[PDB]
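Secondary and tertiary structure notes
So you can see what is in the structure, the chains are spelled out below.
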Amino acid sequence: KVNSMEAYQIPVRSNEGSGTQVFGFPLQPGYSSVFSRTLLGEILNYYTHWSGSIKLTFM
Amino acid sequence: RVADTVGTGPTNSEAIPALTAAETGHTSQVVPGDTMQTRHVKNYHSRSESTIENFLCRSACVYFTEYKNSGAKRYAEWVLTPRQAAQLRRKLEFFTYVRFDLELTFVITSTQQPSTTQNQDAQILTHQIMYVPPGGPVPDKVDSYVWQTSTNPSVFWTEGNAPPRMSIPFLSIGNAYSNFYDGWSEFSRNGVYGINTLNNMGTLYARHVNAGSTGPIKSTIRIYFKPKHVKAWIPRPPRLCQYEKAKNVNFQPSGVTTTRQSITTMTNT
Amino acid sequence: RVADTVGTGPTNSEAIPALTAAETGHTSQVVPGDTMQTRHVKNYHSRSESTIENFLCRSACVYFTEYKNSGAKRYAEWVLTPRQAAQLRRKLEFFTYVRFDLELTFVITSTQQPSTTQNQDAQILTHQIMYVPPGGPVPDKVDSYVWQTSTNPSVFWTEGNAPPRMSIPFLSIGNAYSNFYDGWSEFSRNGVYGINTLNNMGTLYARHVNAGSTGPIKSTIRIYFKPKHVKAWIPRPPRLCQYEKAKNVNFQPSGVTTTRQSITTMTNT
Amino acid sequence: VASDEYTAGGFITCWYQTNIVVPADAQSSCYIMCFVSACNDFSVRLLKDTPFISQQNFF
Amino acid sequence: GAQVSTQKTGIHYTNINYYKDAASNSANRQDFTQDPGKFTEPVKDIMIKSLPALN
Amino acid sequence: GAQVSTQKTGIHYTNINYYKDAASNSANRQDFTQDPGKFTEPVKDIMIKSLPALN
Amino acid sequence: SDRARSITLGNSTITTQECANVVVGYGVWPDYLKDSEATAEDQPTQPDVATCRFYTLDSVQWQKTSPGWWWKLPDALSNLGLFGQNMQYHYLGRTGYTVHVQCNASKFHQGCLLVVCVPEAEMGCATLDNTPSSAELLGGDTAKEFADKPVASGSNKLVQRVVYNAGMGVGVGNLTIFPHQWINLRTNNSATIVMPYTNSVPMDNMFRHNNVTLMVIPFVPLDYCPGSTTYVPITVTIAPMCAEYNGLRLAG
Amino acid sequence: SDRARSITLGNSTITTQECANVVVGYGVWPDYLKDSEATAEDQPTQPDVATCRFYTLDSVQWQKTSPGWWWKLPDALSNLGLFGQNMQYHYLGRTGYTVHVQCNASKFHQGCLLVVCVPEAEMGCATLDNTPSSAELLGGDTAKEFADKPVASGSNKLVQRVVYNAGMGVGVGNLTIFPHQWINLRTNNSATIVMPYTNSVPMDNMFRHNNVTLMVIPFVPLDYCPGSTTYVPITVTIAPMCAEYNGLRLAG
Ligand SMILES: O=C(O)c1ccc(NS(=O)(=O)c2ccc(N3C(=O)c4ccccc4C3=O)cc2)cc1
Ligand SMILES: *C(=O)CCCCCCCCCCCCC
Ligand SMILES: *C(=O)CCCCCCCCCCCCC
């Protein structure tokens, strides 16, 4: 998926019931597979310490 | 720098800061008090380590060459570029255009080479490093007339002293150095691509000024670049692939990220 | 500082300063004039040697490692802690929480190693000591790309000069370093106990930058820590037992004091 | 920035609150894209080399 | 001709320039001005949070 | 920007700071404030010597 | 007069007839976290009178040979009341304590106890290349006991418990720099210490860090003649002070 | 514009794009108990942001034949969070609610729901000389369902559940004097009611009295053509408002 554009896409669909999970990943930029190569995450592998709030947007 | 959190109570309002349109190409200015109840916090944190003149202003080894006081390879030649070595190169390529003054520092070491010479007894070595601006004579041997240094900057250094250093101005003919060039130098659009003369800044030569010993000694000179007085414009995504060549942007296709088991798993593989 | 004795004459009073209750957890504030006739003395004594920034502010050897310019063990690795060596460690553990800036000083020496190499003739040695903050690349050999030092602090030192030194800020993520931790880092309360990440402060690497000689030379680097700008909170009883491990508080049970013949004898055994 | 269990971050998860509902002749499979950025109270500290660029020889 | 400036703290220091070239001077470490509004919010119309981004 | 302070005696010295970091400065040797009353007398009620500790 | 005391926190009230004053910490009384020392940006939970009130722990007999006892503070109240139900739903919290130890005996009995609240009392292991397990350090309102003889070194996850080293490798007679009182049976029958929150971080998780440890140690053994009561209990009572919690999540 | 809404309570935030305003009670917004209406003399516990925040209950499918559902308010949150841990340690408490019901469907679906909060909805029994058991009235965050046909009379402790009498013996079309909104699928996808505390006593025990009952009743059935989504859930989200508790005791 990493060798395609399918990495960036998160599946959601019509399914029976609700309360099923869509995704989960841990908060830890600059370590996690998900966040280490993001633009935020690569200004954060040059640093040992980090502080503050992070905002995720979904579209 | 860092801003202070402001306290917030309950809401029930026609305001909708959380909802946004990300199609507009605008990063939302939502702060935590918008989406939840927060307390007032005083922050005393600073953004002083993430200045561009902190990030780029540390010495970094760019190259090293070797030369001997006997046989072939009597001197070392190097065309000054910060693109031979990966680590410095990657940092500068967070930007399209940069402008800075260098400080060169040289760590010159010498090592005795195996031989069957009886009764070696080195004298102290003195080394000459000669900076030659673009154009003009190039030494073709140790003991040419080019090492006179009538108008070429040069330093002499005897062993067991502090590393030499010298400052270099900003030497571009342009108003900034460019780290990327999407063109040809020829009007026909033939020949090498991505080659430009905005980043010329001469060649460096290094030799021994004496062979102290009867036996062979080989020296290694390491060049360190330290940007200072930096200004930078137009930021770019970091390099994702390993570099291949020093004159090209050529790459082997690399995956976006490393893998993991599922889209719900909380560990890396 | 030291207070002046005040003269006192005879008493016969309902005052009872000598009698007290020590069950209250209060140390009595009795002075000598209370219990006897004293003269007035002017004291000019000071308590300036017993300041915390005098007690802890002297260089102390914490560790030493060896490395060679040939064969195996080409470099030395050490994780910075003041807990390898007994004397410094004991002094800091008069307190629970401490906060200070380091000054590192390195005494680097070299010793010729026995060999059957004919016609040895060393050049001066240059050494590189590289500080690597927590995380990031670790050298796995002499001549890796990690010794470029593009963004890792590093010093170079040629023999027969003054010891290098550098200052380090207070690097804790907490508001003080802790010398004791009564917990686990895991929420399950499993794994190692007393392990915490408040006291991380990277790893130190050291190597030769050249092998000067044809024969083998082995170097020894000794690291000295000097606290400065110290603040300390919550005092603790001194360590009574010998230390066993550098990560644990583990001990062999030791008697309270050394013995003597009787409870009326005026000599030690 | 690096993995430590003393400075664990937490977990970010997503669930269906309600099913995806579509009419006939519209795809019942959709995607979400995620974005990440820092807030204005964010800061970083203590420079170090990045683990993400390497070389075996000069280029 | 000495400059006196404040140090980075959780006092002051003195500096004299010794050379006739301004490329010989020590690095500028204490410049902390910033403006993220070029790269965030480059939109022509002013976005107000607590109002629809698109009407 | 020099500080002039008194020396330890039974005169004065001059000091200039040369660096832009306040962790580069020499150690603070002459801070002599103290307060033993946190560790001695931590009791809530005020103890007066020359009066019973317990009535 | 000076020997009578009453302390009211929430529902609870304690009253003593023999009292040695109240020791207060390092001269610092419990307070709520300031907004100039805070790091966490959420609004705190402050339950008030549902957490901050006295809780009695189990009593333990004082015998002629008894070595001493210890309780590790947030994890000795972790199953009790809504104090225990706020620290498993929240990631963070900070609190001070008021510790009150009772022990009454006749005027024909003798003995002396040292009651200390020791910040970050990290304790050794019998085997020198292991560290203790969490089932050898933590009770849950049951007291752990010291020993009078060295713990043998096996392949143990046992604590090295000896009274004279205090399980920490220090002299036990030097534990008097920590906030303390003595219960001497011919004087007083109770001891009160008020601890403030001591840590190097403004709030901390309470299910993997114990920032205080109470220890009650006989220095003079219990002694009495035939015909007297032979069972003398020691009861410990502990009240939170200015408890806060932050970081609401699921239970666990 | 008028259709966008955001409600923030504690951690939680709800956002809707289609909204019919917010109905507020009888024009009374939740408030804390006054000291001129109070009877109990102890200091209240007011947990604040640990109780007063949105809790999602289990979803339930809306089918072409569905009769309706009900949840009895304090006893549908009794196992959830620290709301559930304050009402079993205290004898008393009082709270208002914000109830938010969600149900989204396409523009090719149709149907209509009535969402009512009914004070003291006492419900009949199938057998006329018995009263219902507490396992037929109370879910626990699972919804109880109405029936479309009369419940047969046996020797039952069953509820008499019929939609058209509403289980109370009244016309179902007259439930519009209670605070209410309609979810009509061609207009809006959510409904918000804010109830104040309604009782004839200033505080009351919450484990044997349910002072409100939410009911969601189809008046126009769900209908759609082949090719559309066949599963349409209805999610209920409920937040306490100004919760207080008094009378701290043991759990139970
Ligand atoms: O130590 C550093 O500062 C230093 C070490 C390695 C380095 N980058 S590298 O890609 O790992 C690299 C690794 C080895 C060599 N290299 C040699 O070791 C060598 C030996 C003899 C002739 C030529 C060379 C030569 O190109 C060049 C580069 C940069 C600097
Ligand atoms: C302004 O520059 C005058 C202030 C006093 C100067 C003291 C100068 C210190 C020693 C000389 C440095 C000269 C460098 C070329
Ligand atoms: C205040 O600092 C000015 C007082 C006179 C300064 C004399 C300076 C001595 C020589 C320069 C030291 C500079 C260190 C960077």
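Residues numbered from 1 in each chain as written, not as in the entry; some residues may be left out. Chains lettered and ligands numbered in written order. Part of a larger assembly, values for the part shown. Heavy atoms only, no water. Residues with missing side-chain atoms left out of burial classes, pairs and counts.

Looking at the entry header, you'll see cryo-EM listed as the method and 2.8 Å as the resolution.

Time to look at the overall build of chain B. Tallying secondary structure elements over chain B gives two helices and eleven strands in all. On C-alpha atoms alone, chain B measures out to a radius of gyration of 27 Å, which is more than a quarter above the 18 Å that the 2.2 N^0.38 rule sets for 269 residues. (Helix = DSSP H or I, 4+ residues; strand = E, 2+ residues; numbered from the N terminus. Rg over C-alpha atoms; globule rule 2.2 N^0.38 Å.)

Quick look at the sheet that holds strand β6 (residues 154-158) of chain B now. Residue and element names in this part refer to chain B. With antiparallel pairing, four strands are arranged side by side in an open sheet as β3-β9-β5-β6. Bordering the open sheet on either side are β3 (75-79) and β6, each of which pairs with just one other strand. Strand-to-strand, the axes of this sheet are offset by a mean angle of 15°, without reference to chain direction. The sheet contact formed by strand β5 (residues 126-132) and β6 spans five bridges and is antiparallel. Bridge assignment links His-127 to a residue of β6, and that residue is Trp-157. (Pairing = 2+ DSSP bridges. Axes fitted to C-alpha atoms, helices over the stretch in contact; angles between N-to-C directions.)

Next up on the list: the sheet that holds strand β4 (residues 126-132) of chain C. Backbone hydrogen bonds hold the strands of a sheet together, and the pairing may be parallel or antiparallel. All names here are of chain C. With antiparallel pairing, four strands are arranged side by side in an open sheet as β2-β8-β4-β5. Both edges of this open sheet fall to β2 (75-79) and β5 (154-158), since each of them pairs with a single strand only. Pairwise comparison of adjacent strand axes, ignoring direction, gives a mean angle of 15° for this sheet. Pairing between β4 and strand β8 (residues 203-208): six bridges, direction antiparallel. Bridge pairing links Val-132 to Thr-203 in β8.

With that settled, consider the packing of aromatic side chains. The relative placement of two aromatic rings is captured by the distance of their centres and the angle of their planes. This model, assessed by the stated rule, comprises 35 aromatic pairs over all chains. Note on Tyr-243 of chain B and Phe-59 of chain D: the rings are 5.8 Å apart at their centroids and 55° apart in plane angle, and the pair reads as tilted. Pair noted here: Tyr-243 of chain B is in the segment after β11 (228-235) and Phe-59 of chain D is in the segment after β4 (43-47), and the two residues belong to different chains. Given a relative accessible area of 6%, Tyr-243 of chain B falls into the buried group. Taken together, the ring pairs in this structure connect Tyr-63, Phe-64, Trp-78 and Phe-225 of chain B together with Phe-58 of chain D into an aromatic cluster. A cation sits over an aromatic face here: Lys-91 of chain C above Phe-55 of chain C, 5.5 Å from the ring centre. In this structure, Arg-207 of chain C packs its charged tip against the face of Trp-147 of chain C, placed 4.7 Å from the ring centre. (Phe/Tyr/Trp six-rings, centres within 6.5 Å; stacked < 30°, edge-to-face > 60°. Buried < 20%, exposed > 50% of the residue type's maximum accessible area, 1.4 Å probe, protein only. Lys NZ or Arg CZ within 6 Å of the ring centre and 35° of its normal.)

Residue and element names in this part refer to chain E. Neighbouring ligand 2 are the residues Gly-1, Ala-2 and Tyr-18. Within the contact set of ligand 2, an oxygen atom lies 3.5 Å away from a backbone nitrogen or oxygen of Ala-2. In the complex, the protein chains occlude 38% of the 460 Å² of accessible area that ligand 2 would expose alone. (Near = heavy atom within 4 Å. Polar contact = N/O pair within 3.5 Å; in protein donor to acceptor, adjacent residues only side chain to side chain. Areas by Shrake-Rupley, 256 points an atom, 1.4 Å probe, with all protein chains shown as cover.)

In the vicinity of ligand 3, the contacting residues are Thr-14 and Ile-16 of chain E together with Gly-1, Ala-2 and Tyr-18 of chain F. Residues close to ligand 3 are split across chains E and F. Within the side chain of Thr-14 of chain E, an N or O atom sits 2.4 Å from an oxygen atom of ligand 3. Look at ligand 3: alone it shows 470 Å² of surface, and the protein chains cover 63% of it. Here the shell around ligand 3 is composed, by residue class, of three nonpolar, two polar and no charged. (Nonpolar A, V, L, I, M, F, W, Y, C, P; charged D, E, K, R; others polar.)

Residue and element names in this part refer to chain H. Relative to the elements of secondary structure, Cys-103 occurs in the loop between β7 (90-102) and β8 (110-119). Taking the relative accessible area as the measure of exposure, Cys-103 reaches 1% and is therefore buried. Separated by 130 residues in sequence, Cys-103 and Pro-233 place their C-alpha atoms 6.3 Å apart. Filtering out sequence-adjacent residues up to four positions away, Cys-103 remains in contact with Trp-62, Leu-113, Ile-183, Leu-185, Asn-189, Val-232, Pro-233 and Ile-234. (Contact = heavy atoms within 4.5 Å.)

Without any contact between them, chain C and chain H keep their closest C-alpha atoms 20 Å apart. Across all C-alpha pairs, the smallest distance from chain F to chain H is 27 Å, and the two are not in contact.

This part covers the pairing of strand β1 (residues 10-13) of chain A. Judged by which residues are buried, β1 of chain A turns out to be one-sided: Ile-10 and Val-12 of chain A face inward and are buried, whereas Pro-11 and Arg-13 of chain A, on the alternate face, are not. By the bridge criterion, four bridges tie β1 of chain A to strand β2 (residues 29-32) of chain D in an arrangement that is antiparallel. Bridge assignment links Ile-10 of chain A to a residue of β2 of chain D, and that residue is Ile-32 of chain D.

Okay, the pattern of salt bridges next. Inspection of every chain in the model, using the stated rule, returns 19 salt bridges over all chains. Close ionic contact of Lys-49 of chain E with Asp-34 of chain B constitutes a salt bridge, the shortest N to O distance being 3.2 Å. Pair noted here: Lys-49 of chain E is in the segment after β2 (12-15) and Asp-34 of chain B is in the loop between β1 (11-13) and α1 (52-55), and the two residues belong to different chains. Under the relative-accessibility criterion, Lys-49 of chain E is labelled partly exposed at 37%. It is possible to trace a salt-bridge network through shared partners that takes in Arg-37 and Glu-42 of chain A together with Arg-90 of chain B. (Salt bridge = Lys/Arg side-chain N within 4 Å of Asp/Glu carboxyl O.)

Another point: the interface of chain D and chain A. Every contact between the two is made by 39 residues of chain D and, on the other side, 45 residues of chain A. Together, the buried faces of chain D and chain A total about 4,400 Å²; carbon and sulfur atoms form 60% of this surface. The largest share of the area that chain D buries against chain A comes from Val-1, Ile-12 and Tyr-16 of chain D, three residues that together contribute 19% of it. Viewed at the interface, chain A and chain D are joined by zero salt bridges. Along the contact surface separating chain D from chain A lie 27 residue pairs in polar contact. Among the secondary structure elements, those contributing two or more residues to the side of chain D that touches chain A are β1 (11-15), β2, β3 (34-38) and β4 of chain D. Looking at the side of chain D that touches chain A, its residues break down into 23 nonpolar, twelve polar and four charged. Strand direction decides the pairing type here: strand β3 (residues 47-51) of chain A and β4 of chain D, joined by four bridges, are antiparallel. Residue pairing for β4 of chain D: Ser-51 of chain A is matched across the bridge by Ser-43 of chain D. (Buried area = accessible area lost by both parts, 1.4 Å probe.)

With that settled, consider the side chain of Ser-33 of chain A. Checked against the element boundaries, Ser-33 of chain A lands in the loop between β2 (21-26) and β3. A polar atom in the side chain of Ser-33 of chain A sits 3.4 Å from the side chain of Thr-258 of chain B. A distance of 3.2 Å separates polar atoms of two side chains, one belonging to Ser-33 of chain A and the other to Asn-268 of chain B. Sequence-distant contacts of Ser-33 of chain A, defined by excluding residues within four places in its chain, comprise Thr-257, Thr-258, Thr-259 and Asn-268 of chain B.

With 68 residues, the main nonpolar core has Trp-62, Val-101, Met-168, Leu-175, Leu-214 and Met-215 of chain G as its most contacted residues. Elements represented by at least two residues in this core include exactly β5 (60-62), β6 (69-72), β7 (90-102), β8 (110-119), β10 (180-184), β11 (190-195), β12 (212-223) and β13 (232-248) of chain G. Here this core takes seven residues from β8 of chain G, the largest share from any one element. In contact with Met-215 of chain G, not counting residues within four places along its chain, are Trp-69, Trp-70, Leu-114, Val-115, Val-116, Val-118, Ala-121, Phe-146, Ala-166 and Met-168 of chain G. By size, the runner-up hydrophobic cluster in this structure holds 43 residues, among which are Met-201, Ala-206, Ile-221 and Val-230 of chain B. (Core = buried A, V, L, I, M, F, W, Y, C linked by side-chain atoms within 4.5 Å.)

On to unusual backbone geometry. Residue and element names in this part refer to chain H. In this model, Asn-21 sits at a positive phi of 75°, which is unusual for a non-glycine residue. As for its placement among the helices and strands, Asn-21 is situated in the loop between β2 (12-16) and β3 (23-24). Classification of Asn-21 as partly exposed rests on a relative accessible area of 45%. Non-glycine residue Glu-120 carries a positive phi angle of around 45°. Within the fold, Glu-120 resides in the loop between β8 and β9 (144-145). Residue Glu-120 is classed as exposed on the basis of its relative accessible area of 52%.

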